[PDB]
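J.: I have a structure I would like to understand better, so I am pasting it below and will then ask my questions one at a time.
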RNA sequence: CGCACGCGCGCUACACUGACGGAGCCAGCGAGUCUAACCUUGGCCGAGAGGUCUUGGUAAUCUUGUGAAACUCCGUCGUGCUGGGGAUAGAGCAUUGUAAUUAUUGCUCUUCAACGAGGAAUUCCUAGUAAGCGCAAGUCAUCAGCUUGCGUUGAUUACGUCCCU
């Protein structure tokens with residue numbers, strides 16, 4: 001479109017939010033490249049920031065994300081989706097964990113720690129699924 | 001020898017001998033039917 | 001399909017009979033009634049039609065009541081049960097079954113030997129079964145011919161497995177705990193074994209039989225040694241074997257140059273290092 | 001331990017209320033109707049703590065289903081529970097929460113994929 | 001064809017059949033083997049099929065060459081046809097369909 | 001490196017036979033999602049003639 | 001209906017003629033309560049599901065013109081195991097069934113798998129046959145995947161004999 005180039009600015013791979021939220025995939029699906037964030041979390045940001053999926057995306061500014069830090073940084077007041085998430089209002093804790101790469105799998109398997117120490121299904125056989133199926 | 005064998009003197013066209021290699025493992029929890037004993041706490045070493 | 005459970009009701013009454021009648025059905029196809037006694041020297045009426053009515057249900061023989069040319073035939077189990085009985089007679093099989101393996105004219109039947117180490121009773125039944133005029137004539141002799149054409153590089157320094165017995169359809173191949181090239185994941189010496197695929201057909205032209213047929217199931221990294229994993233090659237590549245006199249080697253020789261170029265490159269995205277070789281050397285250095 | 005929220009609120013609940021926040025495949029069970037089959041179970045529970053050497057071990061009273069749900073109130077009693085035939089002794093605690101008593105079952109002499117020794121008993125020795 | 005062919009209506013074509021005057025027909029098939037029985041050796045004979053093979057080396061390899069050689073293509077389905085009828089007149093041999101064009105006059109000539 | 005595409009289009013649209021996104025790949029910079037975006041603002045220069053419109057198949061013609 | 005293996009069945013995904021946000025809105029083999037709990041046509045209850053707070057029906061009328069689907073046009077992404085797939089599974093929802101367990105399928109959203117038309121062999125084909133795509137039903141309390149149909153739109157290649165059989 002605009003026949004204008006720039007001076008060393010655009011990259012191709014980023015390192016964002018402690019892992020690789022890349023500079024070729026957007027906010028949305030490079031938060032899917034790291035495990036824990038789906039589509040409509042940052043697509044409800046489209047009705048407040050107008051940033052959809054249609055670009056090669058080494059373009060993001062860290063001050064638009066600060067009005068998304070108005071949506072992110074405290075997980076108790078900031079429009080967390082409630083029919084959406086990976087694990088969400090859990091048996092594990094009870095809150096709607098729209099968490100991140102370092103915080104999904106630590107908040108995922110308290111349903112598999114449980115049931116046949118309790119003599120039923122998931123407290124020896126999932127430990128057998130860790131003493132055998134893990135090595 | 002009467003108890004130091006695996007197969008009776010039927011060699012002389014019949015059996016391949018069925019070996020029962022006893023490698024028992026404990027049955028820790030309470031309540032046992034015919035079935036569930038051998039799949040209680042299998043520490044497969 | 002298959003039946004197996006119609007055999008263990010007999011006595012000695014059929015053991016003298018079999019390879020006398022098996023060499024007697026070949027000397028004289030469909031045998032009439034009062035000959036099972038008299039090919040084997042069995043007596044006329046001392047436990048006789050008792051034993052033939054015992055054999056009657058078992059499908060290794062059948063009552064083919066034609067018009068004065070009667071039939072007692074040693075259905076399809078006249079080869080099949082009686083080659084199990086033949087390996088009971090030729091001192092290899094002592095009972096039937098630890099068997100898993102499926103083909104068409106080669107079923108892998110996992111057995112343990114007279115020794116105790118395992119081998120495989122492969123069975124030949126083509127047409128499935130269709131066992132008739134040549135189909136029985138094939139599986140008798142393709143068990144005998146391929147008893148003769150699995151030693152073409154074992155004497156010459158290379159890896160072909162060895163056949164043991166050729167009883168009527170049965171070919172016994174140690175047993176090979178293979179790992180084909182669709183099962184494997186990684187390798188430790190990649191660039192040696194691409195140029196050794198130009199070089200295996202180099203080895204095949206020494207013996208005078210060029211083999212081609214390479215799919216993703218072929219080259220077994222097997223288990224000779226289990227613990228230290230001294231592996232080996234099983235090369236299931238045989239049945240595309242062609243006498244080189246025939247006018248199809250214009251596109252067999254060019255297969256040796258520019259047709260193997262995909263599998264060590266793509267399966268093992270890793271673009272390869274080594275050189276190659278032709279078969280123009282092997283035309284003279286047989 | 002039931003949720004992390006206060007324990008003097010949660011333990012004596014019936015088949016009514018929190019599941020109206022929970023999804024309709026396990027809301028069309030627990031927020032429709034209490035199913036009071038564990039109500040006369042309390043009446044046999046209130047004698048299954050009396051004449052024991054107390055706080056330690058009561059008797060293995062039998063129970064023969066696979067879709068019945070136990071409620072945590074009853075710290076210190078023992079009930080034997082269906083596993084296909086027999087009655088697994090459970091010292092009943094708040095250490096089972098809304099899961100089946102008849103989930104105590106994996107009912108087979110084990111599946112022989114690593115040691116196949118009972119498959120060897122079906123094969124053919126042959127005359 | 002109608003969503004694609006205006007590019008071919010640029011390159012020396014007033015109406016788009018004008019370069020294509022000498023393009024479709026000039027792949028005239030003259031020679032193709034039969035599978036000889038042979039008795040063993042499956043050789044090939046210097047014979048002639050009806051002239052619908054180098055036609056179909058240029059037209060049935062445009063059936064694939066428009067859809068099925070653009071199936072799973074880097075670019076789209078109908079817009080890899082910006083090349084398919086530009087220089088299809090005579091043997092270029094550097095393409096998806098012209099590479100076996102000499103091989104009707106030499107395959108039935110090599111072992112004949 | 002700011003407007004080298006500006007001079008090597010206005011002097012190279014009568015050197016390139018076509019106008020597409022594959023022109024840009026000769027310098028090996030971008031292959032990606034900045035392409036279907038760029039079909040509606042490119043021809044404000046005014047040298048290559050547009051022909052047809054379709055929302056699933058947006059195709060034009062070289063000139 | 002639990003899974004060391006192996007086969008087949010259909011259905012897909014391995015992509016830019018792809019599907020997505022909405023407008024252009026068609027069929028019929030049509031089927032619907034008696035001495036009652038059916039088909040369903042009012043807004044909303046509802047994140048969603050329909051209850052039939054109601055109504056219309058002994059029937060081409062009320063569903064019904066089954067306002068059916070694949071779908072056509074303004075906007076979405078140019079090859080990146082990919083905005084391809086929901087594969088596996090979780091959390092926020094029902095119509096029921098006296099309770100959804102080995103969840104019975106109807107319901108919002110993330111997990112996004114093998115697989116680069118795939119070694120051997122092939123399944124049916126001529127003036128309406130390939131090829132998709134629907135509709136509703138014994139499956140229905142949860143739908144059709146099998147099925148018998150009808151309807152929608154409907155391609156390369158052809159009158160020939162044993163080479164397979």
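All positions are counted from 1 along the displayed chain.
Just so it is clear, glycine is given a Cβ too, placed from its N, Cα and C backbone atoms.
Annotation comment: Swiss-Prot describes A:1 as N-acetylserine. Feature annotation from Swiss-Prot assigns ubiquitin cross-link to A:35, A:48, A:79, A:95; the stated evidence is a large-scale study or a structure entry. As annotated by Swiss-Prot, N6-methyllysine applies to A:47, with the evidence given as experimental evidence.
Tell me about the surroundings of these features in the structure.
T.: Mapped onto three states, the DSSP output places residue A:1 (N-acetylserine) in coil.
The DSSP secondary structure for residue A:35 (ubiquitin cross-link) is coil.
In this chain, none of the residues that are 6 or more apart from residue A:47 (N6-methyllysine) has a CB less than 8 Å from its CB.
Using a 10 Å radius centred on the Cβ of residue A:48 (ubiquitin cross-link) and all shown protein chains, the other Cβ atoms total 12.
Using a 10 Å radius centred on the Cβ of residue A:79 (ubiquitin cross-link) and all shown protein chains, the other Cβ atoms total 12.
Take the CB of residue A:95 (ubiquitin cross-link) and look out to 10 A: across all protein chains shown you find 16 other CB atoms.
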J.: What are the sequence-distant neighbours of residue A:1 (N-acetylserine), meaning same chain, six or more residues apart, C-beta distance under 8 angstroms?
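T.: Expected: none.
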J.: Around residue A:35 (ubiquitin cross-link), how many other C-beta atoms are within 10 angstroms of its C-beta?
T.: 16
J.: Could you give the Cα-Cα distance between residue A:95 (ubiquitin cross-link) and residue A:79 (ubiquitin cross-link), in whole Å?
T.: 13
J.: Give me the CA-CA distance between residue A:48 (ubiquitin cross-link) and residue A:79 (ubiquitin cross-link), in Å, as a whole number.
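T.: Approximately 12 Å lies between the Cα of residue A:48 (ubiquitin cross-link) and that of residue A:79 (ubiquitin cross-link).
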J.: Which of the three DSSP-derived classes (helix, strand, coil) applies to residue A:95 (ubiquitin cross-link)?
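T.: It is coil.
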